[PDB]
């Protein structure tokens, strides 16, 4: 119909999705209202300017932002001086999704830089001369696999990495983030991620890990940083993804989890919140929404016959609308929410989420949903590692031809 609105967020019924504070005001409702009000302005802008809406992913603009940052950053990133491998990964992955080639001049410089970050004793640090840490180690391995050239693969010292992983392993199945450091679900995932890709997973490395992760699932259905903590999207993704790698998804109450994540998508904004009663955030377009592909795979593994065959269990269209209309910086790069400044973290995850929301894949079945102009379609991303599905296969296929340190 001519009166019909193709964009879900601009339909008149949508207004009914605004917050109902039951005339009881608290800091949470006041805060949620401010955001909704700001998002409504964005949605309504087309009607007020008398323009027909067009959802365009600003490719060239994001490419410039990425291209440059990959080589140089302002002092605004001094706070990430101990996370340089993360910067490499987020940027290289954003380019990968945007489908931009990685010049060999760059691939080699990247490889060399990560070598400088690698520790004599295994794992990578957040920068040259810094002690190793599982987070920058997970990023380094990922960045190298994205490059995926023989040179990149050879940067990784597999015997040392394994030694390192063991030196962090705890009696209760968990892992320290680094020597003398803290423990949380993130370490489980970082370890599982790098150990599986490089094929250094011994019979006892992750003993008890699946059980420890399972202990992090709480009364909410979601997973918390450590046993007993509020359910959070970032940690939940970490827990499920790790279990998927360990083939222990069933250790969790997948049902209560599925219900928890599906409730994390905002009815009005369209994007996801990190935890119940907080604000929407573009990066959760990945941590939260990225869970559905994981769940679909687990439930399907269990023969679940109700699973859709063309969509994930979240409003794909509404998420693309949030990202596209509310998360792009006109100057390039993406962000948390309208009003927030751009950064590479959000560029990486807003795009990863967009890709996931555009591509449905369950074996033979393949259905896409691309909001806005077709040029908006991105390269698909693997829901466990968050690098090209191709890079995952290629990487593992290369290291599987190597003996697991020790044999």
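Positions refer to the first chain, counted from 1. Whichever C-alpha set is largest while still superposing within 1.5 Å between the two forms counts as the rigid core.
Core-fitted comparison in 9 other deposited structures of this protein shows that, between 366 to 374 and 42 to 50, the CA atoms farther from the shown form belong to 42 to 50. As recorded in the PDB entry, 39 to 47 is the stretch of 344 to 352 and 39 to 47 with the greater mean C-alpha temperature factor. For the pair 132 to 140 and 92 to 100, the record assigns the higher mean C-alpha temperature factor to 92 to 100. Out of 310, 193, 209, 236, the entry records its largest CA B-factor for 310.
When the C-alpha B-factors of 240, 334, 155, 301 are read from the PDB record, the largest value belongs to 301. In the deposited entry, the Cα temperature factor of residue 290 places it in the lowest third of its chain's modelled residues. Residue 56: CA B factor in the middle third of modelled residues in this chain (values from the PDB entry). Ranked by C-alpha B-factor against the other modelled residues of its chain, residue 395 falls in the highest third. In this PDB entry, the Cα temperature factor of residue 232 sits in the bottom third of its chain's modelled residues, the lowest group. In the deposited entry, the Cα temperature factor of residue 180 places it in the lowest third of its chain's modelled residues.
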